[PDB]
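Source file: data04.tsv (TSV, C-alpha atoms and all ligand atoms)
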chain	number	residue	atom	x	y	z
O	5	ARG	CA	11.90	20.15	-18.51
O	6	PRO	CA	10.57	20.08	-14.92
O	7	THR	CA	12.89	19.34	-11.96
O	8	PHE	CA	12.66	15.68	-10.81
O	9	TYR	CA	13.24	14.22	-7.30
O	10	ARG	CA	14.11	10.60	-6.39
O	11	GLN	CA	12.94	8.36	-3.53
O	12	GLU	CA	12.70	4.63	-2.66
O	13	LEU	CA	9.22	3.45	-1.55
O	14	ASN	CA	8.64	-0.37	-1.04
O	15	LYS	CA	11.89	-1.60	-2.77
O	16	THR	CA	11.22	0.67	-5.87
O	17	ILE	CA	13.05	3.88	-7.10
O	18	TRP	CA	10.50	6.61	-8.06
O	19	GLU	CA	11.91	9.64	-10.01
O	20	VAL	CA	9.02	12.12	-10.64
O	21	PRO	CA	8.43	15.85	-11.28
O	22	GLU	CA	8.21	18.13	-8.14
O	23	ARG	CA	4.50	18.82	-8.96
O	24	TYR	CA	3.64	15.27	-7.61
O	25	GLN	CA	3.68	15.18	-3.76
O	26	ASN	CA	2.83	12.85	-0.82
O	27	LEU	CA	3.44	9.59	-2.85
O	28	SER	CA	1.91	6.50	-1.13
O	29	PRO	CA	1.90	2.89	-2.47
O	30	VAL	CA	-1.58	1.53	-3.44
O	31	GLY	CA	-1.04	-1.66	-5.52
O	32	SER	CA	0.94	-3.64	-8.13
O	33	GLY	CA	-0.09	-6.19	-10.77
O	34	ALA	CA	2.66	-7.71	-13.02
O	35	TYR	CA	2.28	-4.69	-15.46
O	36	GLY	CA	3.62	-2.07	-12.92
O	37	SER	CA	3.56	-0.45	-9.42
O	38	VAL	CA	1.02	2.33	-8.48
O	39	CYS	CA	1.26	5.25	-5.96
O	40	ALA	CA	-1.47	7.73	-4.92
O	41	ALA	CA	-0.21	11.38	-5.02
O	42	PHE	CA	-1.44	15.01	-4.86
O	43	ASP	CA	-0.88	16.90	-8.14
O	44	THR	CA	-0.04	20.57	-7.19
O	45	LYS	CA	-0.50	21.86	-10.83
O	46	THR	CA	-4.17	20.71	-11.13
O	47	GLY	CA	-5.32	20.14	-7.50
O	48	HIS	CA	-6.41	16.53	-8.34
O	49	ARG	CA	-5.64	13.34	-6.32
O	50	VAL	CA	-3.93	11.09	-8.96
O	51	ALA	CA	-2.64	7.56	-9.60
O	52	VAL	CA	1.04	7.40	-10.80
O	53	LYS	CA	1.85	4.04	-12.50
O	54	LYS	CA	5.54	3.10	-13.07
O	55	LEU	CA	5.61	0.43	-15.83
O	56	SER	CA	7.67	-2.75	-15.03
O	57	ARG	CA	10.16	-3.96	-17.72
O	58	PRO	CA	8.33	-1.97	-20.47
O	59	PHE	CA	10.89	-2.94	-23.23
O	60	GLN	CA	12.00	-6.47	-22.08
O	61	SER	CA	10.82	-8.26	-25.33
O	62	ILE	CA	9.23	-7.36	-28.71
O	63	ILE	CA	5.79	-8.39	-27.23
O	64	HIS	CA	6.30	-6.17	-24.11
O	65	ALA	CA	7.67	-3.14	-26.12
O	66	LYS	CA	4.67	-3.32	-28.51
O	67	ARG	CA	2.18	-3.65	-25.54
O	68	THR	CA	3.83	-0.50	-23.95
O	69	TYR	CA	3.30	1.48	-27.23
O	70	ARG	CA	-0.31	0.08	-27.55
O	71	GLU	CA	-1.31	1.21	-24.00
O	72	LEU	CA	0.18	4.75	-24.46
O	73	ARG	CA	-1.51	5.25	-27.90
O	74	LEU	CA	-4.93	4.16	-26.54
O	75	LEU	CA	-4.72	6.34	-23.35
O	76	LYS	CA	-3.57	9.45	-25.36
O	77	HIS	CA	-6.65	9.07	-27.65
O	78	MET	CA	-9.52	8.68	-25.11
O	79	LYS	CA	-11.22	12.11	-24.45
O	80	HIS	CA	-14.78	11.43	-23.09
O	81	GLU	CA	-16.64	12.06	-19.74
O	82	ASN	CA	-17.38	8.27	-19.31
O	83	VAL	CA	-13.85	6.95	-20.25
O	84	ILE	CA	-10.54	7.16	-18.26
O	85	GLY	CA	-8.18	9.67	-19.93
O	86	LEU	CA	-4.46	10.52	-19.53
O	87	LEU	CA	-3.60	13.52	-17.26
O	88	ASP	CA	0.22	13.16	-17.85
O	89	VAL	CA	3.01	10.85	-19.07
O	90	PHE	CA	6.73	11.36	-18.23
O	91	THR	CA	10.25	9.85	-18.20
O	92	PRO	CA	13.27	11.19	-16.27
O	93	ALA	CA	15.44	10.43	-19.37
O	94	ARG	CA	16.93	13.54	-21.14
O	95	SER	CA	17.53	11.58	-24.46
O	96	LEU	CA	16.48	8.41	-26.38
O	97	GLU	CA	19.96	6.93	-25.55
O	98	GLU	CA	19.19	6.95	-21.76
O	99	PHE	CA	15.40	6.16	-22.06
O	100	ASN	CA	14.31	3.18	-19.87
O	101	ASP	CA	11.32	4.14	-17.63
O	102	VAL	CA	7.71	5.26	-18.42
O	103	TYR	CA	5.23	6.72	-15.85
O	104	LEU	CA	1.42	7.20	-16.53
O	105	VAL	CA	-0.80	9.65	-14.52
O	106	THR	CA	-4.65	9.31	-14.25
O	107	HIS	CA	-7.43	10.50	-11.84
O	108	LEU	CA	-7.32	8.43	-8.59
O	109	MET	CA	-10.52	6.27	-8.61
O	110	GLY	CA	-12.32	5.22	-5.36
O	111	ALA	CA	-15.20	2.76	-5.53
O	112	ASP	CA	-15.89	0.37	-8.46
O	113	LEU	CA	-19.31	-1.05	-9.40
O	114	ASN	CA	-18.55	-4.16	-7.25
O	115	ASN	CA	-18.53	-2.02	-4.07
O	116	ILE	CA	-22.00	-0.54	-4.97
O	117	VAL	CA	-23.59	-3.82	-6.32
O	118	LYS	CA	-22.40	-5.86	-3.26
O	119	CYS	CA	-23.33	-3.28	-0.53
O	120	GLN	CA	-25.99	-0.73	-1.67
O	121	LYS	CA	-29.76	-0.81	-2.48
O	122	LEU	CA	-30.22	0.14	-6.18
O	123	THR	CA	-33.49	1.65	-7.50
O	124	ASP	CA	-34.51	1.12	-11.17
O	125	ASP	CA	-33.50	4.84	-11.60
O	126	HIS	CA	-29.89	4.01	-10.46
O	127	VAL	CA	-29.76	1.03	-12.95
O	128	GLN	CA	-31.04	3.32	-15.82
O	129	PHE	CA	-28.32	5.98	-15.06
O	130	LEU	CA	-25.39	3.51	-14.60
O	131	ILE	CA	-26.14	1.52	-17.80
O	132	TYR	CA	-26.83	4.78	-19.80
O	133	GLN	CA	-23.29	6.03	-18.92
O	134	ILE	CA	-21.63	2.63	-19.88
O	135	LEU	CA	-23.41	2.76	-23.33
O	136	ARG	CA	-22.56	6.53	-23.81
O	137	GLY	CA	-18.85	5.66	-23.27
O	138	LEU	CA	-19.08	2.52	-25.51
O	139	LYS	CA	-20.73	4.52	-28.40
O	140	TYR	CA	-17.59	6.77	-28.27
O	141	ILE	CA	-15.10	3.79	-27.97
O	142	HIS	CA	-16.73	1.78	-30.82
O	143	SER	CA	-16.89	4.89	-33.13
O	144	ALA	CA	-12.96	4.76	-33.15
O	145	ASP	CA	-13.10	0.99	-34.05
O	146	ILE	CA	-11.68	0.09	-30.57
O	147	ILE	CA	-12.98	-3.07	-28.77
O	148	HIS	CA	-12.66	-2.90	-24.91
O	149	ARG	CA	-12.62	-6.78	-24.55
O	150	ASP	CA	-12.67	-6.80	-20.65
O	151	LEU	CA	-15.82	-5.00	-19.37
O	152	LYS	CA	-16.76	-6.22	-15.83
O	153	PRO	CA	-17.73	-4.48	-12.51
O	154	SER	CA	-14.08	-4.07	-11.29
O	155	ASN	CA	-13.23	-2.07	-14.53
O	156	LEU	CA	-16.06	0.53	-13.87
O	157	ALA	CA	-15.29	3.43	-11.44
O	158	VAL	CA	-18.35	5.07	-9.69
O	159	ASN	CA	-18.47	8.13	-7.30
O	160	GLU	CA	-20.95	9.29	-4.54
O	161	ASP	CA	-23.08	11.05	-7.30
O	162	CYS	CA	-23.42	7.71	-9.28
O	163	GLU	CA	-21.13	9.11	-12.07
O	164	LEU	CA	-19.24	6.32	-13.95
O	165	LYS	CA	-16.00	5.91	-15.97
O	166	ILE	CA	-14.78	2.88	-18.05
O	167	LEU	CA	-11.12	1.82	-17.41
O	168	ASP	CA	-8.53	-1.02	-17.89
O	169	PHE	CA	-8.97	-1.63	-21.65
O	170	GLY	CA	-7.97	-5.15	-22.75
O	171	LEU	CA	-4.33	-4.94	-23.98
O	172	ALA	CA	-4.39	-8.64	-25.17
O	173	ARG	CA	-3.12	-9.36	-21.60
O	174	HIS	CA	-5.27	-12.14	-19.96
O	175	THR	CA	-3.53	-15.57	-19.62
O	176	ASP	CA	-4.94	-19.20	-19.69
O	177	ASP	CA	-4.40	-19.66	-15.88
O	178	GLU	CA	-6.25	-16.31	-15.31
O	179	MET	CA	-9.42	-17.56	-17.23
O	180	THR	CA	-9.53	-21.04	-15.49
O	181	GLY	CA	-12.23	-22.30	-13.05
O	182	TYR	CA	-14.66	-20.27	-10.78
O	183	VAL	CA	-13.38	-16.76	-11.70
O	184	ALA	CA	-14.99	-13.31	-12.36
O	185	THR	CA	-12.31	-12.78	-15.10
O	186	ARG	CA	-14.49	-15.11	-17.40
O	187	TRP	CA	-18.15	-14.61	-16.19
O	188	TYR	CA	-18.72	-11.46	-18.38
O	189	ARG	CA	-17.12	-12.82	-21.67
O	190	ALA	CA	-19.17	-13.60	-24.88
O	191	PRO	CA	-20.05	-17.29	-25.67
O	192	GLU	CA	-18.63	-17.14	-29.27
O	193	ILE	CA	-15.15	-16.02	-27.93
O	194	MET	CA	-15.17	-18.06	-24.64
O	195	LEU	CA	-12.99	-20.76	-26.38
O	196	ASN	CA	-11.94	-18.45	-29.33
O	197	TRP	CA	-14.51	-20.11	-31.71
O	198	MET	CA	-14.98	-16.70	-33.50
O	199	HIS	CA	-12.59	-13.70	-33.93
O	200	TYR	CA	-13.19	-10.67	-31.59
O	201	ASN	CA	-15.39	-7.77	-32.76
O	202	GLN	CA	-16.99	-4.78	-30.90
O	203	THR	CA	-20.24	-6.88	-30.56
O	204	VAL	CA	-18.62	-9.03	-27.75
O	205	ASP	CA	-18.60	-5.91	-25.44
O	206	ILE	CA	-22.47	-5.68	-25.80
O	207	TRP	CA	-22.73	-9.20	-24.24
O	208	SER	CA	-20.70	-7.92	-21.24
O	209	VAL	CA	-23.09	-4.92	-20.70
O	210	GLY	CA	-26.07	-7.37	-20.58
O	211	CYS	CA	-24.29	-9.52	-17.92
O	212	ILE	CA	-23.55	-6.32	-15.82
O	213	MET	CA	-27.14	-4.96	-16.19
O	214	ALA	CA	-28.64	-8.37	-15.08
O	215	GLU	CA	-26.42	-8.39	-11.92
O	216	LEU	CA	-27.43	-4.73	-10.98
O	217	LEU	CA	-31.14	-5.83	-11.28
O	218	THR	CA	-30.82	-9.14	-9.22
O	219	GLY	CA	-27.74	-8.57	-7.02
O	220	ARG	CA	-26.34	-11.92	-8.32
O	221	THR	CA	-23.82	-12.97	-11.07
O	222	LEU	CA	-25.78	-13.98	-14.24
O	223	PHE	CA	-23.41	-16.82	-15.47
O	224	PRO	CA	-21.15	-17.87	-12.54
O	225	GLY	CA	-19.62	-20.92	-14.30
O	226	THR	CA	-17.21	-23.30	-12.44
O	227	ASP	CA	-15.22	-23.71	-15.80
O	228	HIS	CA	-15.67	-22.81	-19.54
O	229	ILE	CA	-18.09	-25.83	-20.18
O	230	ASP	CA	-20.28	-25.28	-17.05
O	231	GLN	CA	-20.49	-21.54	-18.07
O	232	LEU	CA	-21.54	-22.45	-21.70
O	233	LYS	CA	-24.30	-24.76	-20.26
O	234	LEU	CA	-25.66	-21.87	-18.05
O	235	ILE	CA	-25.64	-19.49	-21.13
O	236	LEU	CA	-27.44	-21.95	-23.51
O	237	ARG	CA	-30.13	-22.75	-20.81
O	238	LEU	CA	-31.13	-19.00	-20.78
O	239	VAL	CA	-30.70	-17.99	-24.51
O	240	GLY	CA	-31.29	-21.41	-26.22
O	241	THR	CA	-29.03	-23.70	-28.27
O	242	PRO	CA	-28.04	-22.60	-31.82
O	243	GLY	CA	-29.73	-23.70	-35.08
O	244	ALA	CA	-27.93	-25.07	-38.20
O	245	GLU	CA	-27.31	-21.70	-39.99
O	246	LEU	CA	-25.67	-19.97	-36.94
O	247	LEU	CA	-23.65	-23.16	-36.06
O	248	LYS	CA	-22.05	-22.99	-39.59
O	249	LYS	CA	-20.35	-19.61	-38.71
O	250	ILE	CA	-17.89	-21.57	-36.43
O	251	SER	CA	-15.05	-22.85	-38.75
O	252	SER	CA	-13.83	-25.58	-36.26
O	253	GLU	CA	-15.52	-28.97	-37.05
O	254	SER	CA	-14.61	-30.19	-33.47
O	255	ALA	CA	-16.50	-27.24	-31.80
O	256	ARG	CA	-19.59	-27.88	-34.07
O	257	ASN	CA	-19.65	-31.65	-33.22
O	258	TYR	CA	-19.22	-30.45	-29.60
O	259	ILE	CA	-22.08	-27.86	-30.10
O	260	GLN	CA	-24.05	-30.65	-31.97
O	261	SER	CA	-23.65	-33.10	-28.95
O	262	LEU	CA	-25.91	-31.06	-26.51
O	263	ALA	CA	-29.72	-31.68	-26.33
O	264	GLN	CA	-31.62	-28.76	-27.97
O	265	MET	CA	-33.14	-26.18	-25.57
O	266	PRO	CA	-35.52	-23.23	-26.22
O	267	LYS	CA	-34.82	-19.54	-25.18
O	268	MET	CA	-36.33	-18.95	-21.66
O	269	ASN	CA	-39.03	-16.35	-20.72
O	270	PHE	CA	-36.91	-13.39	-19.37
O	271	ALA	CA	-39.97	-11.95	-17.43
O	272	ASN	CA	-39.96	-15.20	-15.36
O	273	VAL	CA	-36.09	-15.01	-14.84
O	274	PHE	CA	-35.93	-11.20	-13.90
O	275	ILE	CA	-39.07	-11.37	-11.65
O	276	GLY	CA	-40.51	-7.88	-10.94
O	277	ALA	CA	-38.03	-5.89	-13.13
O	278	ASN	CA	-39.23	-2.91	-15.23
O	279	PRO	CA	-40.64	-4.47	-18.46
O	280	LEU	CA	-38.46	-1.98	-20.52
O	281	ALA	CA	-35.35	-3.39	-18.68
O	282	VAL	CA	-36.44	-6.98	-19.59
O	283	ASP	CA	-36.92	-5.90	-23.27
O	284	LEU	CA	-33.40	-4.34	-23.43
O	285	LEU	CA	-31.78	-7.47	-21.82
O	286	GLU	CA	-33.47	-9.71	-24.52
O	287	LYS	CA	-31.84	-7.42	-27.23
O	288	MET	CA	-28.27	-7.55	-25.67
O	289	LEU	CA	-28.12	-11.27	-24.64
O	290	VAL	CA	-28.49	-12.74	-28.17
O	291	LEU	CA	-26.28	-15.78	-28.97
O	292	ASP	CA	-25.62	-14.65	-32.65
O	293	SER	CA	-23.39	-11.55	-32.30
O	294	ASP	CA	-24.60	-10.16	-35.69
O	295	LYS	CA	-28.14	-9.80	-34.16
O	296	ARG	CA	-27.26	-7.96	-30.87
O	297	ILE	CA	-28.33	-4.29	-30.36
O	298	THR	CA	-25.44	-1.77	-30.89
O	299	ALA	CA	-24.45	0.94	-28.32
O	300	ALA	CA	-25.86	3.73	-30.60
O	301	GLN	CA	-29.20	1.79	-31.06
O	302	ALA	CA	-29.44	1.04	-27.24
O	303	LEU	CA	-29.10	4.79	-26.27
O	304	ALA	CA	-32.41	5.41	-28.18
O	305	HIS	CA	-34.27	2.56	-26.28
O	306	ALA	CA	-37.27	3.78	-24.21
O	307	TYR	CA	-35.63	2.41	-20.95
O	308	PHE	CA	-33.29	5.55	-21.09
O	309	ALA	CA	-36.05	8.13	-21.96
O	310	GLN	CA	-35.20	10.38	-18.93
O	311	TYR	CA	-31.40	10.57	-19.82
O	312	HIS	CA	-31.06	10.25	-23.66
O	313	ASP	CA	-29.91	13.44	-25.47
O	314	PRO	CA	-28.77	12.80	-29.07
O	315	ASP	CA	-26.99	16.23	-29.10
O	316	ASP	CA	-24.82	15.20	-26.06
O	317	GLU	CA	-23.67	11.64	-27.02
O	318	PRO	CA	-20.40	12.38	-28.86
O	319	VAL	CA	-18.23	10.22	-31.20
O	320	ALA	CA	-14.42	9.91	-31.26
O	321	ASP	CA	-11.77	11.32	-33.60
O	322	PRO	CA	-10.49	8.57	-36.00
O	323	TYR	CA	-7.94	6.14	-34.46
O	324	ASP	CA	-5.10	4.70	-36.69
O	325	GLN	CA	-4.29	1.12	-35.48
O	326	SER	CA	-2.16	0.16	-38.52
O	327	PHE	CA	0.81	-0.39	-36.11
O	328	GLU	CA	-0.94	-3.66	-34.92
O	329	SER	CA	-0.04	-5.45	-38.24
O	330	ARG	CA	3.53	-4.04	-38.32
O	331	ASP	CA	6.70	-6.09	-37.60
O	332	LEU	CA	9.40	-4.02	-35.77
O	333	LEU	CA	12.55	-4.50	-33.61
O	334	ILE	CA	12.57	-3.77	-29.80
O	335	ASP	CA	14.48	-0.46	-30.28
O	336	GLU	CA	12.00	0.67	-33.06
O	337	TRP	CA	8.98	0.12	-30.70
O	338	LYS	CA	11.03	1.96	-27.97
O	339	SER	CA	11.73	5.02	-30.28
O	340	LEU	CA	8.00	5.23	-31.29
O	341	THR	CA	7.09	5.18	-27.52
O	342	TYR	CA	9.69	7.94	-26.75
O	343	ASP	CA	8.20	10.22	-29.52
O	344	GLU	CA	4.65	9.73	-28.02
O	345	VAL	CA	5.96	10.64	-24.45
O	346	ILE	CA	7.68	13.89	-25.66
O	347	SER	CA	4.69	14.98	-27.91
O	348	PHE	CA	2.07	14.71	-25.09
O	349	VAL	CA	-0.12	17.86	-24.63
O	350	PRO	CA	-2.13	17.96	-21.37
O	351	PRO	CA	-5.88	18.58	-21.21
O	352	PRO	CA	-7.16	22.15	-20.49
A	401	LIG	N1	-22.08	-15.16	-31.88
A	401	LIG	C1	-22.03	-16.39	-32.49
A	401	LIG	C2	-21.20	-16.58	-33.62
A	401	LIG	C3	-21.13	-17.86	-34.21
A	401	LIG	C4	-21.85	-18.95	-33.68
A	401	LIG	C5	-22.64	-18.71	-32.54
A	401	LIG	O1	-23.30	-19.78	-31.93
A	401	LIG	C6	-22.66	-20.34	-30.80
A	401	LIG	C7	-23.36	-21.41	-30.20
A	401	LIG	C8	-22.79	-22.05	-29.10
A	401	LIG	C9	-21.56	-21.60	-28.61
A	401	LIG	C10	-20.92	-20.52	-29.23
A	401	LIG	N2	-21.43	-19.87	-30.33
A	401	LIG	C11	-22.75	-17.47	-31.94
A	402	CL	CL	7.17	20.01	-11.55
A	403	CL	CL	-10.53	11.00	-16.85
A	404	CL	CL	14.47	6.65	-17.90
A	405	CL	CL	-15.29	-7.91	-11.66
A	406	CL	CL	-4.71	8.15	-34.90
A	407	MG	MG	-9.08	-3.94	-13.74
Show me, as structure tokens, the structure contained in the file I just sent.
Ligand SMILES: Nc1cccc(Oc2ccccn2)c1
Ligand SMILES: [Cl-]
Ligand SMILES: [Cl-]
Ligand SMILES: [Cl-]
Ligand SMILES: [Cl-]
Ligand SMILES: [Cl-]
Ligand SMILES: [Mg+2]
Amino acid sequence: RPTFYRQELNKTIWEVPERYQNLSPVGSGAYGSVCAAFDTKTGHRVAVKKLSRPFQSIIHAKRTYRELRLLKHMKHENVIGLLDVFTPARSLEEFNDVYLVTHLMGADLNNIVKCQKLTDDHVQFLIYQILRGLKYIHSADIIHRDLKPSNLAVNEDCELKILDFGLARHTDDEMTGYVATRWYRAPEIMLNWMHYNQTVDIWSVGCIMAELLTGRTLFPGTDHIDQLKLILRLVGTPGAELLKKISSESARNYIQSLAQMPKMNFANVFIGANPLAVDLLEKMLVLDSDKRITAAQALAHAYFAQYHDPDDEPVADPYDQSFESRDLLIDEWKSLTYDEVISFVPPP
């Protein structure tokens, strides 16, 4: 066991191993508080997240276990991984607090899309890396569920990492009105008309790629219905066969109430873009999720000819998610989480 030291920074007690120095507050959602620190063991600048109320309900205890299992699994150059996890507790009986340690990220895509001039070569390399990471994620039967520019970290050498996996977190208030939290989501799951599957992420990559090419949000809806009207004007309304896949009669009568519209000419929407970029956008932004290109298929598209290497596009170890269908008590979820903290082995 390392030696721990205690301090109060911005109304919060932080108890952390001596290896972590020069702690400085950086942010706090409702999920936890974050400090920047210098890790003396590895020489990296890191983010230290202290979870808030990790075991306050069955829902919160299960979400704590879910986040730790997912972070311990992810070992890929284009996906955030876990540098450390710790608790100052010396036994299960006194276990209350969980701290997570990752690489400190600087800029996100938003910073570079808003204020930088992007060549077609920059768009090829950024989208290649998103798809390389998604091939790995999807090979473990994980769905990200929240891909958007603020969840993509990018450095001065245009190298990219995926972060902030969807933990079944986002609330109704958070998805309401003129908000970036909804602009990248798939049409079939906008109002939960179909169940989630890894195909919804491929819609989000198309929305990101369009915005890197134009500098503008593709579907900036003022509410769920305005956003559906912008989507169907570009990709076309559905036909009878596809419509039948939505179980809810009300949604189909709602779908059935809009005037029919054809798919638009994407060369006349994305004026001047590389024709191979236009071709790949037509294969991602398909209304029927069964017909979208997969991450593994997209890596072999001619748009990525200068970067594609099928001997350096790895898949994941198998991921057991059977816990998701399991009914347990708060203390059972807490004991599973404790075992995962104490069994952690750090990377090389
Ligand atoms: N991916 C998919 C799945 C079922 C139906 C479908 O068509 C539509 C049409 C309009 C709005 C939403 N989904 C698309
Ligand atoms: Cl230490
Ligand atoms: Cl990492
Ligand atoms: Cl503790
Ligand atoms: Cl965003
Ligand atoms: Cl597993
Ligand atoms: Mg985020």
- Message: Within 10 Å of (-2.7, -9.1, -21.3) in the file's own coordinates, which protein, DNA or RNA residues have an atom, counting only C-alpha atoms? List them as a list in words.
- Response: residues 34, 35, 64, 67, 169, 170, 171, 172, 173, 174 and 175 of chain O
- Message: Using only C-alpha atoms, which protein or nucleic acid residues come within 9 Å of stretch 116-124 of chain O? Drop anything in the same chain fewer than 5 positions from it, and give the result as number ranges by chain.
- Response: O: 111, 129, 153, 158, 215-217, 219-220, 277-278, 281
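Checking O:334, O:138, O:164, O:198 one by one against residue O:247, counting all atoms listed in the file, you find the shortest gap at O:198.
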Would you give me, as a Markdown table, each residue of chain O having an atom within 7 Å of an atom of ligand CL 404 (chain A), along with its shortest atom pair and that distance in Å to one decimal, using all atoms listed in the file and sorting by chain and residue number?
| residue | atom | partner | partner_atom | distance |
| --- | --- | --- | --- | --- |
| O:91 | CA | A:CL404 | CL | 5.3 |
| O:92 | CA | A:CL404 | CL | 5.0 |
| O:93 | CA | A:CL404 | CL | 4.2 |
| O:98 | CA | A:CL404 | CL | 6.1 |
| O:99 | CA | A:CL404 | CL | 4.3 |
| O:100 | CA | A:CL404 | CL | 4.0 |
| O:101 | CA | A:CL404 | CL | 4.0 |
| O:102 | CA | A:CL404 | CL | 6.9 |
- Residue with smallest distance to residue O:301 - pool O:135, O:226, O:127, O:159, counting only C-alpha atoms: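 So, comparing all the options, the nearest one is O:135.
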- Item | Selection as a list in words: residues within 7 Å of ligand CL 406 (chain A) by all atoms listed in the file |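 Checking all atoms listed in the file against ligand CL 406 (chain A) at 7 Å gives residues 322, 323 and 324 of chain O.
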Would you save the residues of that selection, restricted to C-alpha atoms, as a PDB file, keeping the file's coordinate frame?
ATOM      1  CA  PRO O 322     -10.490   8.570 -36.000  1.00  0.00           C
ATOM      2  CA  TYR O 323      -7.940   6.140 -34.460  1.00  0.00           C
ATOM      3  CA  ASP O 324      -5.100   4.700 -36.690  1.00  0.00           C
TER       4      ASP O 324
END
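The smallest atom-to-atom distance between ligand MG 407 (chain A) and any of O:282, O:204, O:151, O:309, using all atoms listed in the file, is found for O:151.
For the atom pair formed by atom CA of residue O:176 and atom CA of residue O:225, the distance is 15.7 Å, given to one decimal.
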- Residue contacts of residue O:350 (9 Å, all atoms listed in the file) excluding same-chain residues fewer than 6 positions away, as a VMD selection string: chain O and resid 86 to 88
- Among the residues O:280, O:346, O:63, O:74, the one that comes closest to residue O:146 [using all atoms listed in the file]: O:74
How close does each residue of chain O get to ligand LIG 401 (chain A), giving the shortest atom pair and distance in Å to one decimal for every residue with an atom at most 7 Å away, counting all atoms listed in the file, sorted by chain and residue number, as CSV?
residue,atom,partner,partner_atom,distance
O:191,CA,A:LIG401,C10,4.9
O:192,CA,A:LIG401,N2,4.1
O:197,CA,A:LIG401,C10,6.9
O:198,CA,A:LIG401,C2,6.2
O:232,CA,A:LIG401,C9,7.0
O:241,CA,A:LIG401,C7,6.4
O:242,CA,A:LIG401,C7,5.1
O:246,CA,A:LIG401,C4,5.1
O:247,CA,A:LIG401,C4,5.2
O:249,CA,A:LIG401,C3,4.9
O:250,CA,A:LIG401,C3,5.4
O:259,CA,A:LIG401,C8,5.9
O:291,CA,A:LIG401,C11,4.9
O:292,CA,A:LIG401,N1,3.7
O:293,CA,A:LIG401,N1,3.9
O:294,CA,A:LIG401,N1,6.8
Stretch 149-168 of chain O from the block above: C-alpha atoms written as an mmCIF file, in the first residue's frame:
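Resulting contents of decode12.cif:
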data_model
loop_
_atom_site.group_PDB
_atom_site.id
_atom_site.type_symbol
_atom_site.label_atom_id
_atom_site.label_comp_id
_atom_site.auth_asym_id
_atom_site.auth_seq_id
_atom_site.Cartn_x
_atom_site.Cartn_y
_atom_site.Cartn_z
ATOM 1 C CA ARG O 149 -23.688 6.101 -27.655
ATOM 2 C CA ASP O 150 -22.326 9.729 -27.226
ATOM 3 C CA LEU O 151 -19.773 10.510 -30.005
ATOM 4 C CA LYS O 152 -19.529 14.311 -30.623
ATOM 5 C CA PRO O 153 -16.627 16.833 -31.001
ATOM 6 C CA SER O 154 -16.310 17.535 -27.205
ATOM 7 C CA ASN O 155 -15.715 13.736 -26.567
ATOM 8 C CA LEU O 156 -12.690 13.614 -29.019
ATOM 9 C CA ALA O 157 -9.251 14.760 -27.673
ATOM 10 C CA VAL O 158 -6.696 16.021 -30.315
ATOM 11 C CA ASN O 159 -3.009 17.138 -29.834
ATOM 12 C CA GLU O 160 -0.623 19.463 -31.826
ATOM 13 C CA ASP O 161 0.325 16.427 -34.096
ATOM 14 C CA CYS O 162 -3.419 15.830 -35.005
ATOM 15 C CA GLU O 163 -3.414 12.551 -32.940
ATOM 16 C CA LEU O 164 -6.921 11.682 -31.582
ATOM 17 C CA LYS O 165 -8.454 9.703 -28.671
ATOM 18 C CA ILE O 166 -12.161 8.783 -28.029
ATOM 19 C CA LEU O 167 -13.420 9.483 -24.441
ATOM 20 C CA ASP O 168 -16.579 9.866 -22.225
#
